[PDB]
RNA sequence: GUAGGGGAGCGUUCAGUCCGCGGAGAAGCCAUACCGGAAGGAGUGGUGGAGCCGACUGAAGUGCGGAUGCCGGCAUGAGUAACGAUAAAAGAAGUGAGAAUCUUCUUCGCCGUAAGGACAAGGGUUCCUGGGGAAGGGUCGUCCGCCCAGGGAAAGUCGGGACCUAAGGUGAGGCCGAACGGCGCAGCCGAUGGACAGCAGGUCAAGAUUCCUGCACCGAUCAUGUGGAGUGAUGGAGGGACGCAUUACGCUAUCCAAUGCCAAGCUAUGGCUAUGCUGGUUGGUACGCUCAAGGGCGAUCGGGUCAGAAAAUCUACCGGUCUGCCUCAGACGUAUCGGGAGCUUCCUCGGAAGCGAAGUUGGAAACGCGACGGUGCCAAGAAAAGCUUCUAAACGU
RNA sequence: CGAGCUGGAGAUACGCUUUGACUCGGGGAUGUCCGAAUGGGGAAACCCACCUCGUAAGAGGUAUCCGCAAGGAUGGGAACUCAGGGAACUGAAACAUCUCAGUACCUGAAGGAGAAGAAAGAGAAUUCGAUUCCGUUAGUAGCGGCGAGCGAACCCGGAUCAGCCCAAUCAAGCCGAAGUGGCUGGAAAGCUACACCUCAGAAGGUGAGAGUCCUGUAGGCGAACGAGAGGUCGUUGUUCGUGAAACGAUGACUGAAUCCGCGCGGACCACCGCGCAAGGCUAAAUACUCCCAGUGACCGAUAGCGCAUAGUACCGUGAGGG
Ligand SMILES: [K+]
Ligand SMILES: [K+]
Ligand SMILES: [Mg+2]
Ligand SMILES: [Mg+2]
Ligand SMILES: [Mg+2]
Ligand SMILES: [Mg+2]
Ligand SMILES: [Mg+2]
Ligand SMILES: [Mg+2]
Ligand SMILES: [Mg+2]
Ligand SMILES: [Mg+2]
Ligand SMILES: [Mg+2]
Ligand SMILES: [Mg+2]
Ligand SMILES: [Mg+2]
Ligand SMILES: [Mg+2]
Ligand SMILES: [Mg+2]
Ligand SMILES: [Mg+2]
Ligand SMILES: [Mg+2]
Ligand SMILES: [Mg+2]
Ligand SMILES: [Mg+2]
Ligand SMILES: [Mg+2]
Ligand SMILES: [Mg+2]
Ligand SMILES: [Mg+2]
Ligand SMILES: [Mg+2]
Ligand SMILES: [Mg+2]
Ligand SMILES: [Mg+2]
Ligand SMILES: [Mg+2]
Ligand SMILES: [Mg+2]
Ligand SMILES: [Mg+2]
Ligand SMILES: [Mg+2]
Ligand SMILES: [Mg+2]
Ligand SMILES: [Mg+2]
Ligand SMILES: [Mg+2]
Ligand SMILES: [Mg+2]
Ligand SMILES: [Mg+2]
Ligand code: NA
Ligand code: NA
Ligand code: NA
Ligand code: NA
Ligand code: NA
Ligand code: NA
Ligand code: NA
Ligand code: NA
Ligand code: NA
């Protein structure tokens, strides 16, 4: 989340996005499958997506004004 | 024995409806008075 | 993207039993047309789709209390794959 | 309604009326077979006899 | 001693002040035979589980039997009247803590131009499955349209939208008005109408013209091939296009008969012994010089100017010249697919799976179809698009 | 800020937290759909488009009224302000004026306030001197089927007090003095014997009543940085209802002067006196209260808002009631 997350280029952001969304979908299938034993994993990924997007959007003003 | 009440969606909504209310200020006032005396629920919601 | 749109897999005896003949069924986003749901379903399991049919499905319940219910407004989708069946590993639950 | 009463009735009167409402106690017998109490000229609902045994226990 | 006037006080809440009480227990409630001239006050006991007397003074949302008063609770009418069409029901068996009321069986009865079936409107999970028995159910309830959870709803062609128009609604500009606003052309919205591409079957507990089995149609896009040439608007025209009454001919859905055909076995009561009894006796698609009623249809050329804004090879009008094919409701034949009385086996109680015979003759036959029929009548019976044809513009031969 | 957190939520599981979690302030980034709704249609939250930028996803734009542009406006607000329009019951113990009343309602516009405002005035002292509001004048003068009833202003006191410009400290938060024993008790903050603080004896909680147990109060500290013309005709206003009826205002006809000028001073005239329109803007003193704090000889739930939350259930086609 700190400077070790914005260090990546522009594309890798989207990459993390879609990947997390994938895993998130998996755990989500498990939810209705009656197997999900890691809710904090769901919440966590939810958080990380918002982080990524936030950050990226923060690089939208810093360097162009 | 037809009663006064003869259900019909395209009319209960045609009159008394949100847009029905908008077309005339005299209805706007109704909306306003309904959103004013506390929470309420209009006629397009029911 | 592709991984979105869908919701959860249809869990029932008819879904499971109809899965045996290469017919799949899962819940999707009501506000989702029948194209992006095809594109999406395809780009997620690596399979093309021939058959497709979805419909909307309300819900409205409650237990006790005096707080009636609420519509849960869903939409179930059913897709039919070509010759190559048994997708991933979740086709044998 | 023509059939209306003039005044409300008194507890006293309204009870005197009810002085004929007492249920009679069932006169019960002792069954000579399964020593259970039964109803005269009927069948012992317990063992099931009535001069030898008729109904299924 | 009524209306009325005058005087002295009681009681309640709040406020200031003072004296205080309270876990060994306040207020409140409950009992009581004590005190005071009244309103009232006190002692003791019981209950209670936190606060509150007395005195003085100030201020009031200050004293209730009434108002067909207001709210709430509970009585009387009384175990009374009723339990919602006079289409009665009976027995066995099962389940269960408990059955007149639920389940199963065999009878009985009632509707049958419905009390059967399928839709629109409307109601929204009431459907299906498994539980539950508080309340609802005019009695019971093990059950229910009630409670709980879970499941179920599948469309290129059926409804609607992405097409069209009517009344109506709306409406730039415009015409008007103290405001608000009211009117109004085109246009747009608006199915109750117009237009438009498939049917026949099977099958979950619960869906079907939606899923699939067979077979098929429509539009768009692309490729290949044939072809060798224009393709043709928001334009014009043609047409969609419209009634009521009666009525000829043919046919079907559908229905009836039999010593037609197929299948099943049995039939005692008195008889029949099968010329008896029961049941079944075709749907879609493709093809055929097969059978057939009915239904509606000019082409071409030429001329003029004032006609369709303009224009045209299109349309109308004027002028010359002259049975037929077109289309086939439906029937029949062949083929194929499906269906079909029932039979067979297993059975977790009764479902699933597999198999499968024949379709003959005669008669009846509509408010359906062959059609936009024929005839008669006066009250003289939407629009627009798709569709067809033909120009301009433009692009291309 | 310094150990907890994991929303009202009573429960279970998985987890986040000295690389300061939550919580409390203060700026940003994401904000589908509807709604002034504004692509078009629309029975609101639906349906259908086109164009542009393109890696598909996706994003962006596409309403109307003023302008070269920037930009601004059609929206929403409980009450309050101004404006257009404008009742009746009721009163007169009937009822026509008049009252009710420019009340209610309707509508337009705008703000945190508006209106009004820098003299063609009030007034009679040869004076005061923008406007508004408060007190008073006074319920006088005056109006009125002279009935019902309506009702100013000047002077003076006071809140606040400016005239300049065109045309020719409050929100986070931290810091913060002073008690032990014994006794009744289930449990004391009570009783009791001693002691202390007191620029803190407001108050709440803690097994009951509470200075010294807790949170706080007096007081002190406190950030990145966030706020502070005339006239005639028809009528009307002011106390003024046609009355001797001025003046202001307006609809319809007409239509003056400007320096020995023009208006006014309750028809009119002379004298005298005050004042100079037909252009505009402009704090404060004033009103009200959705919202917040504090306070109460305010209620303590048949009260108090309708609601110890609900405009819900419930009634109605609906406005609406509740
Ligand atoms: K025989
Ligand atoms: K037969
Ligand atoms: Mg399909
Ligand atoms: Mg339910
Ligand atoms: Mg206590
Ligand atoms: Mg009183
Ligand atoms: Mg009474
Ligand atoms: Mg009486
Ligand atoms: Mg009562
Ligand atoms: Mg009796
Ligand atoms: Mg009686
Ligand atoms: Mg009787
Ligand atoms: Mg009876
Ligand atoms: Mg009766
Ligand atoms: Mg009966
Ligand atoms: Mg019965
Ligand atoms: Mg009949
Ligand atoms: Mg439905
Ligand atoms: Mg059922
Ligand atoms: Mg019961
Ligand atoms: Mg009952
Ligand atoms: Mg569909
Ligand atoms: Mg109009
Ligand atoms: Mg229709
Ligand atoms: Mg259609
Ligand atoms: Mg079945
Ligand atoms: Mg069905
Ligand atoms: Mg819109
Ligand atoms: Mg006026
Ligand atoms: Mg008069
Ligand atoms: Mg007047
Ligand atoms: Mg004048
Ligand atoms: Mg109350
Ligand atoms: Mg009460
Ligand atoms: Na007493
Ligand atoms: Na059709
Ligand atoms: Na006929
Ligand atoms: Na015989
Ligand atoms: Na904290
Ligand atoms: Na009167
Ligand atoms: Na207003
Ligand atoms: Na006049
Ligand atoms: Na009470």
- [ ] Could you please state, rounded to a whole Å, how far the C-alpha centre of segment A:1-20 is from the C-alpha centre of segment A:42-65?
- [x] 9 Å
- [ ] Could you line up A:40, D:2, C:2 from fewest to most neighbouring Cβ atoms inside 10 Å?
- [x] D:2, A:40, C:2
TODO: Tell me what chain C gives for mean residue ellipticity at 222 nm when only DSSP H runs of n ≥ 4 count, each as -39,500 (n - 2.57), the sum divided by the residue total, rounded to 500 deg cm²/dmol.
DONE: -4000 deg cm²/dmol
Open item on the list: Taking the number of other C-beta atoms within 10 Å as the exposure measure, put C:90, D:23 in order starting with the fewest.
Closed with: D:23, C:90
TODO: Could you work out, residue by residue across C:4-10, how many beta carbons of other chains sit within 10 Å of that residue's beta carbon, and then give the average as an integer?
DONE: 4
Task: Helical mean residue ellipticity (222 nm; -39500 (n - 2.57) per DSSP H run of 4+; nearest 500) of chain B - done: -9500 deg cm²/dmol
Task: Length-normalised contact order of chain C in % [C-alpha pairs under 8 Å, at least 6 apart] - done: 32 percent
TODO: On a C-alpha basis, how far is the centre of segment C:39-57 from the centre of segment B:11-39 in Å? Whole number, if you could?
DONE: 43 Å
Task: chain A: relative contact order as a whole-number percent, Cα under 8 Å and 6+ apart - done: 48 percent
Open item on the list: Rounding to the nearest 10 and keeping the result within 0 to 90°, find how far the Cα-based axis of helix A:11-33 lies from the longest principal axis of chain A.
Closed with: 20 degrees
Task: Peptide C:11-23 - average C-beta neighbours from other chains (10 Å radius) - done: 0
- [ ] Would you mind giving the mean number of other chain beta-carbons within 10 Å of the Cβ of each residue in A:13-22, as a whole number?
- [x] 2
TODO: Note the angle between two axes, namely the Cα long axis of helix B:25-34 and the longest principal axis of the Cα atoms of chain B, as a number of degrees from 0 to 90, rounded to the nearest 10.
DONE: 80 degrees
Task: MRE, 222 nm, helices only [DSSP H, n ≥ 4, -39500 (n - 2.57), over chain A, to nearest 500] - done: -24000 deg cm²/dmol
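The numbers here are math on the coordinates, done by the rules we state, and not lab data. Note that each Cβ is placed from the backbone with ideal geometry, even for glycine, and that neighbours are counted across all protein chains shown.
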